[PDB]
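Look below for two forms of one protein chain, each set out as structure tokens: first structure 1, then structure 2.
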Structure 1
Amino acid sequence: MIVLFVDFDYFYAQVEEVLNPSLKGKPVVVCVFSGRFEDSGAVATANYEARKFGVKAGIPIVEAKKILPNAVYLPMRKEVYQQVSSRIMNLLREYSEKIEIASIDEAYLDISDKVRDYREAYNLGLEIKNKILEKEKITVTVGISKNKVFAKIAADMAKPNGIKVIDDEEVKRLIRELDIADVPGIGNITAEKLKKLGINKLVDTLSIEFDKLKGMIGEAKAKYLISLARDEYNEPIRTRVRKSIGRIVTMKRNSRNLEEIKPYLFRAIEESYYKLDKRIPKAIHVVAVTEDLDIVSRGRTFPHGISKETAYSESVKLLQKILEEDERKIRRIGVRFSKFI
């Protein structure tokens, strides 16, 4: 069983470099401007020249400028990156019929058929890196191992622009050596709950009564970790299908007035519909971000699909429902469409 994971390097910034090579070499910051004020917002990503100084995904744009006042700051252009992603995905297709697109810049390939051993797998890796660099002029990192999880881990260890195989002898040392927090699907909240249980390495999950683990982190999560420890994890590669479309925007000023929010809300639905393109949702959820950055949501499923008129109508009630049950002001508002026919 051989899985090959591909992850494009500093993707949004690298695409910006390709479309305008003059940028290459200098610090490049792709930002998301919220408009609340001059430079309000966050950094989507940054090229390496910028990450070596602390500027990275998540930090406020205002904070990134204090560190690199002279870098190049660019607004994020999803559509552009998405189409480039799509083309790159189509290059991988020509390497396996078994392909799972995980995000806008990640994909897993089941090359158990094609390749025979790890040596060949590695070479196929180089062929893919090479192909993509030539066609799209974009570098990516490749990770190869026994299953998806370790393939991805392989990639995190080899970036940027690397390629790495984590052979069976290593999996075993990683299950013992590797820090549980560096395992995909284990964020802060979980790692923290894991420390208390004395688990700092994948192996520790075997020296704990399952039921206490489940109690603390959930069954799904407990079975996941345990199978990994037992070197038994092996979920297949499957094409994922879009299960929900939505849009959320920041208002210029926090508000509680329905008439002040409606406009932002309607625009959100509009864009969402354009994005649905042919798809018809049965469920609609209204999502609100409270002034103290907490998230509130109210939704509804219908026994049939939702027309745009219906969406406008029903979204106002859920927004009214929200305000009636929460007293904080609202900072961000949006909609989520799901359960496609």
Structure 2
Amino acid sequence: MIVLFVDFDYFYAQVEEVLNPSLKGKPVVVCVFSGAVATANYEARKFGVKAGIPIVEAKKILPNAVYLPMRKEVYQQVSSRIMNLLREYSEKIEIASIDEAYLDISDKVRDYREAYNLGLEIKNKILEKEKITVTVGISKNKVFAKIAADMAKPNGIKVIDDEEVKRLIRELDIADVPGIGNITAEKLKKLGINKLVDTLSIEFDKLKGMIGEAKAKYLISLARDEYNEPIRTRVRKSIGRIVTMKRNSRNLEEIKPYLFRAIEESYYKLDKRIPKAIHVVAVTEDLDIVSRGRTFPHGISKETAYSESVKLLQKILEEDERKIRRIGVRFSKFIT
């Protein structure tokens, strides 16, 4: 398998510059609504503005930058044309987000040298057609192709060959692995699980007890150099997990922890999808479902999800008399 990942560099800022040529050479800061920095262009970054910071903080660092509001509709139009460009290089495309796409090019190229040249041609094609630079990472699976891009960005191209995958499995710290945070890394550190390869020194049941089933399976398959997730776009109206309990119960306290395991797995699977709706799903002992949900004016943080989920499960415990056998959550109504 040869996977080619495409990361659009500072995408909203590049689009604003393509659309407004007189902004080129000036600091440009695209803002999410204060209000935070969505993206900072070359000059804005040079003078100390980073994505994610409050706009109030951005204006203290660089008072006279050009501060623009986000025009996501416009950025989406550009993005979709670029994804279209990319299908003509492979039909096995996974649109991961507005600025990120994976291509399986196993049938398009013979080796990593050929992969590289194709990455070069994709860069040239997008620059020619859309006036936008991209980073290309290439490796044996989606995860290492994404690590590749992160080693090369911006305006770069990097291959991680089979031998480099193996060195990286040994040398990468847990926090370096795409999708895995510091909280997760810190727990694992507490066990002397430091490197990606160290996840192979722990029993699976023990690993999943500390970090959850999904993260455990993910890290282990990567460390085993066995990760081979297909490249296709999916297509999620909902993201959720239902967990079978050891025993039928109506005890809110006995039930809570499985609900939380469900929420934790769901949130890992969300990625950076932001749900506006949540439903608690209870599978009763007779194998029916009772469910209760809420749709918030605001995206649901993982905290808001814990709180709310207990409230919804409490409602279920009140308006239904059966014992609960399995329990889970569903998140839906994703912005945008």
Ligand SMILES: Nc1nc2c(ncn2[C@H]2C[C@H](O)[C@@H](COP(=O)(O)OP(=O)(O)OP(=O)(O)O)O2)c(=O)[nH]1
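For clarity, a rigid core is taken as the largest C-alpha set superposing within 1.5 Å between two forms. Just so we're on the same page, residue numbers count up from 1 along structure 1's sequence.
Chemist: Between the first and the second structure, which is the form deposited without the ligand?
Modeler: It is structure 2; that copy is the form deposited without the ligand.
Chemist: Among 200, 60, 227, 241, which sits at the hinge where the C-alphas switch from fitting one rigid part better to fitting the other, between the two structures?
Modeler: Answer to the hinge question: 241.
Chemist: Quick check on the domain motion between the two structures: what's the rotation angle of the smaller rigid part, to the nearest degree?
Modeler: Turning angle of the smaller rigid part: 131 degrees.
Chemist: If the rigid core is lined up, how many Å does the C-alpha atom of residue 102 shift between the two structures?
Modeler: That residue's C-alpha is offset by 0.3 Å.
Chemist: Enter the rigid core superposed C-alpha shift of residue 190 between the two structures, rounded to one decimal in Å.
Modeler: Superposing on the rigid core gives a C-alpha shift of 1.6 Å for residue 190.
Chemist: Give me the C-alpha shift of residue 52 between the two structures, core superposed, in Å.
Modeler: That residue's C-alpha sits 3.9 Å away in the other form.
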